[PDB]
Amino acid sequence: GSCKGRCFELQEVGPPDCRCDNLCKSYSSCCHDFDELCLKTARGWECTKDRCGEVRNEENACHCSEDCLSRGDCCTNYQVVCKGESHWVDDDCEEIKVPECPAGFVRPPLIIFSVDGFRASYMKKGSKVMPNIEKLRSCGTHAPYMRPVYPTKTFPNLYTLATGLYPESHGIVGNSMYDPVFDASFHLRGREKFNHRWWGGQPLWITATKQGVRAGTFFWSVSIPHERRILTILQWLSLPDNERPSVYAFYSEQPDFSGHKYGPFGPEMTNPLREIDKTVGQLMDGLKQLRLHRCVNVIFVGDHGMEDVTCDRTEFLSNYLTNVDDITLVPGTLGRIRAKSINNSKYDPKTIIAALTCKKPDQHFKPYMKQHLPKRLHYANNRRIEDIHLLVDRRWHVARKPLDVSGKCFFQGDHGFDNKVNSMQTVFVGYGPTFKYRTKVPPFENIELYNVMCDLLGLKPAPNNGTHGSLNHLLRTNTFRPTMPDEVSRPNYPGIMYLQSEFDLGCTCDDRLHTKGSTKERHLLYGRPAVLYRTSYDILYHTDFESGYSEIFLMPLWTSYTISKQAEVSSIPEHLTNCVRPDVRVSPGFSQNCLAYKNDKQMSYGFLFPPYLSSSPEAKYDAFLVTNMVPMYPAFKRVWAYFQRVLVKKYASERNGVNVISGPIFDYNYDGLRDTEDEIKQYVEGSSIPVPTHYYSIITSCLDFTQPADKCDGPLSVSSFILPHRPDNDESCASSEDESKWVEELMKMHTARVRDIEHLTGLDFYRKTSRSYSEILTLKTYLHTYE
């Protein structure tokens, strides 16, 4: 009927009965008077000196009367101009040791101020452009930058913040999407983006509601101005205890729009950032009028950054593919290719990949079968993600035909590139009681934030991709303390059993031995990795390395070893080139056969521990054990040999020694999780030897580089890779030249976290350290970007 006193109501209303909520416009189910009651614009948003001590006029946008505080619907600057109060920004920065909330408040509220396309380097502008945001950043907990998820677009990142999930998990994989099961398209413009079926996981507002914690609107109907959104949140905070929600969200479309139109480094970006700051100023002043400015948790977060991208810097598939009218492309800062129609038979992914692979010297994109995309992107396991994907170089675009892209140039900026690119990095600020005071924190991924916001609201988080405890160093008080998971599979330590005579593996070499002593104290600085799944594996000790050999996979799950700064690098002797010796501690049955590698013309082998960095000539013979070999393509051996021969020593030289934990990964269903035996598709020809899809390497050192890797009492420094086990090096366009030119570039592109490896290996590292477990969780979430 009417929105008499029901403006922006938080309850549900079953059809009919016209609703007056924040989504009534988008479905067009608002009452006739909604606009002339709830969207009042009369006499602006700011109180004036001549409006102070006025009688209540209901038509006014915000009130400047005496009862406005009791009513809880004043203008944000009411007390400042009338009661002679100061702006929140003008006040001296004061530590919030305890939440200062009125009686009735059971928990301190949470305000999420999300800013679309907010570049991390905009904070450099400082108090001159953004005085209010500078105060929040300087006073509360802030990071130099926050890492978004790929693709670095609005919808995937905002819903990643909401759910703590990778876009492939929560299902919003882009602003543009096609689902083959629905046979419908999701777009930035359309009614289909309001359909619930597209949205997966459990966002913060659902988690809160189902645990008895009431939540305000997270979406605002497009035609509700920024000033009204702030006033509506401040009105909700004035509601009684039983009706008042504890979690709110504000979303601004700036400075994205101005970022696209003018560019990141544009002088026209100042005003849009002044505008954002004023909106924040209205909130903080508004909270101060309600006496909630030292009660409420404020998160100032962005979804992504912005890069200099021009229309003249565009690649066209018409200069690669002969028939362009056969494929549908999702163009711009990324590429997703599928068939235009399902009726087409000639459509071959293999031919399209080949045609797009290193054709031009200065090619500004690289084609990938989604399973071959870097694992750190976690962008494959979803039916809305197309098999063919193009990773576009920063500052560049990819279109189907030249006529697709348009005038002189409409856009000078864009986003959606690799999430490790500096220009795509966004902001996080945490102001309030539960957050720390004048505290800088290392950069972290936005996937982690859902866990933190749940902790602020005292909620049990839904199973997500955040490492719970990794952001405990953000908070003054922690409601969750993390615990190491219990080991499921206890290790075996098998002695000498089977004699060289019994081993008929079809092998040859042409040529105590295996004991513990310094093997643990030197080559396990951070303890034995725990196996978190039922499987039979053995602990094998050597003088140079220690490994956890699997009897099911017939190879090590992990191989740990340590190289000092003054460590020697020797060559593989010519008379030990094809040397592969049987391990007396393991049975012939639970061992690889060298015959299988001769039958398989495509598959060679390599060693997890390098013979190159053997302590003595006698110790090098331990490197040629059958329990230290893994199936490897000749193409990959070029990458792995260089790493082991050159780079493993190079790191030890610069990082004053390094501990290396190397091993295989099986992920044929590309879900980023450890494969079971049945899920392995490819084995070595005529054998039960499973072919790893990737090979990982956890390279740990001392943060204080003055101290060596062993005898490091201070914090730890870590870098990790997950190199794809490819039968070719087509990913590397310069693979023709010496390994030094290309191999290192490939590794930095396939950089990874420890958590990424732990998910893919089902292992748990850094179990015996001098560090707190929450500090280790941060070390495990750390990603070396090389930017």
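Each residue number is its position in the shown sequence, starting from 1.
*Asks:* Is there a break between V405 and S406, and how many deposited residues does it span: none, 1 to 3, 4 to 9, or 10 or more?
*Replies:* Missing residues, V405 to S406: 4 to 9.
*Asks:* Between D511 and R512, what class does the number of missing deposited residues fall in: none, 1 to 3, 4 to 9, or 10 or more?
*Replies:* The entry has a long gap there, with 10 or more residues left out between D511 and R512.
*Asks:* Per the entry, where is the mean C-alpha temperature factor higher: 413-421 or 493-501?
*Replies:* Of 493-501 and 413-421, the stretch with the higher C-alpha B-factor average is 493-501.
*Asks:* Comparing 557-565 with 579-587, where is the mean C-alpha B-factor higher?
*Replies:* The entry gives the higher C-alpha B-factor average to 579-587.
*Asks:* Checking the record values for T152, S570, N132, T477, which has the greatest CA B factor?
*Replies:* If I rank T152, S570, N132, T477 by C-alpha B-factor, first place goes to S570.
*Asks:* Tell me, please, which of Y166, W205, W396, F624 has the highest C-alpha B factor according to the deposited entry?
*Replies:* Checking the PDB record, the top C-alpha B-factor among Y166, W205, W396, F624 is at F624.
*Asks:* Among all modelled residues of this chain, ranked by Cα B factor, put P727 in the bottom, middle or top third, i.e. lowest, middle or highest.
*Replies:* Tercile = middle for this residue's CA B-factor.
*Asks:* Would you mind ranking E744 by its C-alpha B-factor against the rest of the chain and naming the third, lowest, middle or highest?
*Replies:* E744: CA B-factor falls in the middle third of its chain.
*Asks:* Taking the C-alpha B-factors as the PDB entry records them, is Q11 in the lowest, middle or highest third of its chain?
*Replies:* It falls in the top third of the chain.
*Asks:* Divide the modelled residues of the chain into thirds by Cα B-factor and specify which third, lowest, middle or highest, holds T434.
*Replies:* Ranked within chain, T434 CA B lands in the lowest tercile.
*Asks:* Lowest, middle or highest third: where is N22 by Cα B-factor in its chain?
*Replies:* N22: CA B-factor falls in the highest third of its chain.
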